[PDB]
Amino acid sequence: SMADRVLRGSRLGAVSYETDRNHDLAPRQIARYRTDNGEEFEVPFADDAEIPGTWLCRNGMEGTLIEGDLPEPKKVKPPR
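The sequence shown begins at 4 in this note's numbering and counts up by one.
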């Protein structure tokens, strides 16, 4: 079976690969991207990088950049 659009996850988790807290944390940008089935995923970018208009999602489809929050809260661009 298949569907044209689908929404699935993530109340029961979960993250991919052998990730652990021993990796530590560093200055980053968490973006979101939406696939062609409407499936939305999150992509962490490092301070050495920026967010391109689109990026490949873990579903195996090219996702397009969307915001995970509202148009006009208290939000600004600087510093990163």
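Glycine is no exception: its CB is placed at the ideal position from the N, C-alpha and C atoms.
Here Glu-42 is buried. Its C-beta has 16 or more other C-beta atoms within 10 Å. Within the DSSP bridge table, the entry for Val-46 names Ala-34 as partners. Here the C-alpha atom of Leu-28 lies approximately 10 angstroms from the C-alpha atom of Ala-49.
Taking 7 angstroms as the cut-off, the Cβ atoms of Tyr-36 and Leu-10 do not count as close.
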